[PDB]
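Contents: one structure, followed by commentary.
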Number of protein chains: 2
Amino acid sequence: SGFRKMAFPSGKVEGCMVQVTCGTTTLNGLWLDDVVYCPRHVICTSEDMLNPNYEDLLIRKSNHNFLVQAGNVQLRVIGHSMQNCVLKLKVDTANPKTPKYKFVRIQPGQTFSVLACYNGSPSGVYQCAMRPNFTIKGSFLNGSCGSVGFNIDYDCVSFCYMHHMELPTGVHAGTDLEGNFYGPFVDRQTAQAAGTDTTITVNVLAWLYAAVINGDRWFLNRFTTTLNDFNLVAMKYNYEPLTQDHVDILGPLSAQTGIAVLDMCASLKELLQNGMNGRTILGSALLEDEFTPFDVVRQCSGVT
Amino acid sequence: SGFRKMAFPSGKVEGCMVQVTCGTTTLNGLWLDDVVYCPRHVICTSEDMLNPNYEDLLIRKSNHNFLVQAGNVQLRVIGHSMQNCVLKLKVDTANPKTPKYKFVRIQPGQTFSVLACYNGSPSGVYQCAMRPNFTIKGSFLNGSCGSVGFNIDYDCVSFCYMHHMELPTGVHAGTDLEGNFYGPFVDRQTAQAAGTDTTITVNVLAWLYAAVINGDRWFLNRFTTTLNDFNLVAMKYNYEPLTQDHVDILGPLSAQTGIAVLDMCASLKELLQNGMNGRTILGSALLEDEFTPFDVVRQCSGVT
Ligand SMILES: *CC(=O)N1CCCN(Cc2ccccc2C)CC1
Ligand SMILES: *CC(=O)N1CCCN(Cc2ccccc2C)CC1
């Protein structure tokens with residue numbers, strides 16, 4: 001019992017983190033097989049970051065200009081290419097600690113663990129969600145670029161995020177491992193405002209399911225609603241609209257708790273319309289939206 | 001920028017987790033050098049848990065009754081002893097993945113990372129505090145006993161917690177690695193009510209410092225207070241009393257932000273007396289007390 005913002009064990013990803021230095025710029029790389037993946041702005045000085053031409057900048061660089069350190073041992077770079085906003089460095093050694101892995105591009109609403117890194121050294125691990133505006137609310141200091149977000153299924157690491165950018169508003173933008181940015185963000189020091197940070201409605205409902213399962217039930221009410229009625233309330237409160245797909249995904253939690261999805265929606269509706277009245281749910285004074293139904297099932301079943 | 005509930009990278013502790021089976025009971029062990037540490041109630045059935053005599057129960061057990069599995073390879077048990085509420089199993093192999101480590105007994109207010117485990121397999125990692133009533137607010141399902149709490153300094157793991165017990169109220173009790181319970185808890189299925197869960201005042205002030213450093217400053221006011229005046233307010237709201245030691249510890253955060261500790265105390269006072277007025281601080285609608293001044297300095301400096 002008890003419910004916690006829970007990250008994947010970070011071990012398998014700790015074994016992949018390296019330091020990448022190009023001239024004076026240092027950030028983190030990800031060493032999988034005989035390839036090190038890092039943000040392409042490794043080749044920039046802050047003098048370049050206002051209007052960088054990455055193709056032109058990279059012409060000036062050679063395999064020996066990319067200093068890759070794995071602990072206190074240097075990797076020999078035998079090749080380099082630009083894929084979208086990442087560099088792939090070919091090294092002459094496969095990472096012996098390469099886990100089973102995939103690169104997956106996640107959807108907004110989906111959660112993942114970040115291993116925050118500085119000079120290829122892991123510092124901490126936390127749980128994130130891809131916000132509906134394709135930002136993540138991270139904790140990232142200078143030198144954290146190249147840190148990766150990941151999910152783990154038994155033995156298999158799915159890398160979904162590389163950290164690249166902090167918006168003036170202190171939220172975070174980055175790429176999948178093919179170097180494609182989530183949202184409209186570009187690796188350039190320019191005016192880039194985030195869209196509306198809407199609340200991930202299906203994740204709030206999953207979290208209300210988690211609450212019921214762990215004893216917090218004061219918010220359960222006598223009411224129900226319809227998808228259309230609920231969504232009128234959702235819109236007013238900048239909640240993502242709830243679909244029949246979302247309802248289907250909440251099915252197993254529905255089944256476990258014996259509370260119909262649309263009844264729980266009615267509970268959420270009254271919570272939006274009335275607030276918490278100074279009360280708390282799983283030790284939170286607001287509605288948590290960074291637990292997926294899958295996350296709730298996991299932490300309330302005990303998958304390893 | 002951004003502030004997250006952040007755990008230590010769990011890798012070094014993942015390499016130490018094993019499965020311990022005694023007859024039909026299975027839980028987690030910690031393999032350091034040629035010793036596996038697990039909760040002593042591994043020797044119990046739920047039939048024993050009402051009034052277990054551990055000395056008498058252990059007489060009936062032998063080295064070969066303690067089945068220790070590390071992945072899919074079995075460790076040979078060449079010895080066993082009871083230390084307080086832990087068993088130490090001597091194995092014929094030193095854990096090749098033993099990190100540098102210490103056993104440290106933490107004080108209430110101090111934070112640590114938990115690696116939640118089931119059948120010696122890590123499932124997730126989160127950040128905890130030893131509550132002033134010597135409970136922790138964990139997330140622990142059946143089979144999670146033996147999971148450990150830890151801190152990491154560069155290369156050195158300080159193990160402070162082994163999970164043993166869930167109180168009827170769904171909070172968690174456990175031992176240090178010498179098998180001594182935090183608080184008055186005993187590994188027995190008996191009436192055990194937790195004391196007052198007071199708020200860790202120095203950790204709230206550290207968190208307010210973190211907020212200021214990350215841009216959230218609406219709660220800064222024109223007032224100051226005294227240690228004695230503040231503590232009258234602390235008592236009323238079941239906040240731990242603030243000492244000159246707490247003020248000394250907040251010194252570096254004070255220095256960085258240019259806000260005097262007693263001014264910030266006055267900010268906290270008005271927050272207690274007036275609440276948040278439906279506002280938030282670092283994305284929280286209540287006062288977070290599970291970040292130590294040391295945690296704030298770390299996440300706002302970037303230690304690895
Ligand atoms: C993430 C990190 O290590 N750094 C801090 C922020 C990114 N920065 C480069 C930069 C600056 C402005 C706009 C875009 C980018 C990519 C330096 C490294
Ligand atoms: C933690 C774990 O794996 N288990 C669930 C709770 C502990 N339990 C044994 C028990 C039961 C009641 C009171 C005390 C104790 C130690 C079984 C294993």
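Side-chain atoms are counted along with the backbone in the values below, which use heavy atoms only and exclude waters and symmetry mates. Order of appearance sets the numbers: ligands from 1, and atoms from 1 within every ligand. Throughout, a chain's letter reflects where its sequence line sits, starting with A, and its residues are numbered from 1.
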| field | For atom 6 (C) of ligand 2, the protein heavy atom that lies nearest, with its residue and separation | value | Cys145(B) SG, 4.2 Å

| field | From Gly302(A), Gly138(B), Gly143(B) - option closest to atom 3 (O) of ligand 2 by heavy atom | value | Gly143(B)

| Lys88(A) and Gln83(A) side chains, donor-acceptor separation under 3.5 Å | yes

| Between the side chains of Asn180(B) and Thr175(B), is a donor N or O closer than 3.5 angstrom to an acceptor N or O? | no

| query | Based purely on interatomic distance, does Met165(A) place a nitrogen or oxygen under 3.5 Å from a nitrogen or oxygen of ligand 1? | reply | no

| remark: In this structure, atom 18 (C) of ligand 2 is nearest to the protein heavy atom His41(B) NE2, 4.0 Å

| task | Only heavy atoms count here, so choose which of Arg188(A), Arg40(A), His163(A), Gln189(A) is nearest to atom 12 (C) of ligand 1. | result | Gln189(A)

| task | Please say whether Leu141(A) places an N or O atom under 3.5 Å from an N or O atom belonging to ligand 1. | result | no

| task | Distance to 0.1 Å, residue and atom name: give those for the protein heavy atom nearest to atom 10 (C) of ligand 1. | result | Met49(A) CE, 3.8 Å

| Donor-acceptor side-chain pairing of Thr135(B) and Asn133(B) below 3.5 angstrom | yes

| In ligand 1, which numbered atoms sit nearer than 4.0 Å to a non-hydrogen atom of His164(A)? | 7 (C), 16 (C)

| request: Work out whether the distance between some heavy atom of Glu166(B) and some atom of ligand 2 is less than 4.0 Å. | output: no

| said: Which residue and atom name correspond to the protein heavy atom nearest atom 5 (C) of ligand 1, and how close is it? | reply: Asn142(A) ND2, 3.8 Å

| message | Classify the ring geometry of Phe150(B) against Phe8(B): parallel below 30°, tilted from 30° to 60°, perpendicular beyond 60°. | response | tilted

| Is the closest side-chain donor-acceptor distance between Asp187(A) and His41(A) under 3.5 Å? | no

| For residues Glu290(B) and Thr111(B), is any side-chain donor paired with an opposing acceptor at under 3.5 Å? | no

| request: Please report the C-alpha distance between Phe112(A) and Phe159(A) in whole Å, then the side-chain angles of each, then the deciding distance to 0.1 Å, and finally whether the ring pair (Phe, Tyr, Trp, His ring centres under 6.0 Å) criterion is met. | output: CA-CA 9 Å; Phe112(A) 58 89; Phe159(A) 297 101; over 10 Å; no

